[PDB]
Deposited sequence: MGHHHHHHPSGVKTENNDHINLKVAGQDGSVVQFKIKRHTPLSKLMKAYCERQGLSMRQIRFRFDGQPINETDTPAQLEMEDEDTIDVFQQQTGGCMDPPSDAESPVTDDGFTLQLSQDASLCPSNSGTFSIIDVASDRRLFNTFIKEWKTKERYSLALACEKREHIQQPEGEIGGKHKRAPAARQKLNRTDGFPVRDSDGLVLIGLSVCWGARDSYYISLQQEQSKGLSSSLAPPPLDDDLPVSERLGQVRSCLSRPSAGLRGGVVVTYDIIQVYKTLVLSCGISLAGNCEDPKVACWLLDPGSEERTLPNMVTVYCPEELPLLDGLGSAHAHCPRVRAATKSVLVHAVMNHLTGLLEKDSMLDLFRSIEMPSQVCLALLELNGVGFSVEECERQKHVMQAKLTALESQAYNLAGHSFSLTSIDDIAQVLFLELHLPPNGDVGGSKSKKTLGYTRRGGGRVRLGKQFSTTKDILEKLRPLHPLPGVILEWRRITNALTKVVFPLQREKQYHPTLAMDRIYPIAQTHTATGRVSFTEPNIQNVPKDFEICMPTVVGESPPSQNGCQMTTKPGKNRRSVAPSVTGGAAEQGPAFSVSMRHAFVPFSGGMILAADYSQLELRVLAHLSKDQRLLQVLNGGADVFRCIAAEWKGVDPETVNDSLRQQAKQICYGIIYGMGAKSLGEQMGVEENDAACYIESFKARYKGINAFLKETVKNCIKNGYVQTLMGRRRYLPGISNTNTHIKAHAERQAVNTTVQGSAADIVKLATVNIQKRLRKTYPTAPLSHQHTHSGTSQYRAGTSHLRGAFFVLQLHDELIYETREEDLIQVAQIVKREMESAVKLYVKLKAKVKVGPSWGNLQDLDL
């Protein structure tokens, strides 16, 4: 019954297809691109194929008129009417960049359902899905020359069948409400983030690169003079020589975090550390971005377009190649220059970067999950828990806690929460093994609800094989009952961390979706992204709790109000989700906006 009839061949047939399509509560949509060139209509994208069910596929050719594209735009932009596509983000970007079509409404992606049912598994290709979840369609795998009219039909029907199976599988696991309402709208928001791209000035990048390269030459001159000869800084053998071979205390694994008893006294290891950061910064941001930089003519600027992965074990969002998330924070260079690779990321003319970062997000989520009344009452009163942790660690007043010293407190807190042992805590605090063990013991005793939550999460993981987040995501950890102690402990730490961190990721995704909905309510006429062609915000980057939006100068205040309200009202918990909003002329130049 596998049919590939072409609806876009007759006027009346196409009209009947459209009128039956607008009433379909759930259909499957597939791209059909004959990519003769690497983002066009009739040259790259050839058409769209549809599938309502019962092994039926209808093809809408975008080749040799525009009324078909107009009606497809009407159907795809809020015709119920859930459209399921394979790799929704790339499909959304292709539709936008080829025809300016925005998928508005309810969208679904079988990859997202497969990753919900097994976050730690491998990213199943569509045939891999048909060979696992829906074996009853294997003979249809033939059809993926490519002939994008047949590959699209086969992909659409297979995606429809696979998503129908995954719908029942999610209903069994009680993830369908989370999948339909939170996971997929977050994917559409990430597609909008990829379409927008983050602004990027080469002029700032060029001057930062020039200063960094001058510093690299100076550092090489120092290192070749500090030791006595001219070695190679990119080969581990040379660093394992001189250091650990002449005077320094230890093949030898010359890496970071051995700063103790090495970086003091002889200053060579500090120079090597600075050289390695600046070199990593260059070769992983500056060079990759200066070759991945693209020119937006309408904005008359340069933009970096990242690619989101979203197949994360804990529910986070990552980015490949450009790695805008991993762009380093500002660091100082002495003769003093300030390498701010984020400062190279800029809004359009007459616009401002707006960044809203969740304040102690995972602490609040852990307080809600554990129902720990102590933590709840501490963090509902406006107190900064990380500041107090740093203060009690160092004995200084909490109001005088450095941001760098607060990062160590954050690391200590989250590590203790997520299974850090006594040796690692001693390393990260400088205290002895016994002192670190007593610190973890008193931490669990003080926050009784948190320790009870950890033990109960481990026990329920052993009983069920999986852990669950605040909004229903399950991660299966078969190693929880493994006989080997190391694997069992790793699975325990992963279980607790997945619970809390996946809950935080769910909260962040829902906050992003709510912000986007409110922004579209407030600015219905604004463009959805920078590739749809001003007013509103644009969501140029996501930092796992932080949302960079790149708003207009006059709309800054209203956008900040909207963003703060939505990030605080995303989910109703026993905690308050205090969001910290900053604005500035650049990503690397942001000032706190107490609004």
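**Student:** Return the ranges of the deposited sequence not covered by C-alpha coordinates, sorted by sequence position.
**Tutor:** No C-alpha coordinates exist for 1 to 128, 167 to 197, 224 to 243, 259 to 263, 329 to 332, 439 to 466, 552 to 591, 790 to 802.
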